[PDB]
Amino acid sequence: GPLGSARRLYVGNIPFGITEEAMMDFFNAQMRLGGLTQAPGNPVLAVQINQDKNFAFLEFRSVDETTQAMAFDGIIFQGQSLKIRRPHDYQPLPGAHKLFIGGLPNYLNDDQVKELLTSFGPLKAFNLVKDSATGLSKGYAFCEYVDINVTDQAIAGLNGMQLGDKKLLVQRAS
């Protein structure tokens, strides 16, 4: 980051004694059969394995093909379900997955509204909108999760749901 790590992926739970070359051939074949490549040839350029800790990193030829490959999370390779993830250095650009939260009781303070949200996971941003003259809540807020996969989970768990005698609205801010 901010622009680094855009063309690599973490692979965990790899099969025992598997070679770099065989893992490369496996992923290149799946990209092709699954229709995920965007040009003739092989998207995966190189594979590096850590034998002792049982994981790999893949290196891709393009930014968009790296992103498509994430669809393979869970794929079974020699009896093993593979865990596919972004590198830890990889971050989306700011505000990319911001949420609007509305329909909140306006007698609730910031920490009480945060406590509903952090039940799904840690936040990296949060604000509850207040009238500046009085400091009183307007009953709506914005947030952003550290992990971006938690976003769909909070939406599915909270949107349209009863809170008091109001139905909460939880959706993407743009």
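Throughout, we count residues from 1 along the sequence that is shown.
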Worksheet, complete the sentence: Higher avg CA temperature factor (76 to 84 vs 89 to 97, as deposited) belongs to 89 to 97
Worksheet item: Of the two stretches 12 to 20 and 161 to 169, which shows the higher Cα B-factor on average in the entry?
Response: 161 to 169
Worksheet, complete the sentence: Top Cα B-factor in this entry, restricted to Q68, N28, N54, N109, sits on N109
Worksheet entry | Selection by C-alpha B-factor (highest) of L45, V146, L128, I49 | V146
Practice prompt. Pull the Cα B-factor of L58 out of the PDB entry and bin it into the chain's lowest, middle or highest third.
Written response: lowest
Practice prompt. Within this chain's modelled residues, let me know which third the CA B factor of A133 belongs to: lowest, middle or highest.
Written response: highest
Worksheet item: C-alpha B factor of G139, ranked within the chain: lowest, middle or highest third?
Response: lowest
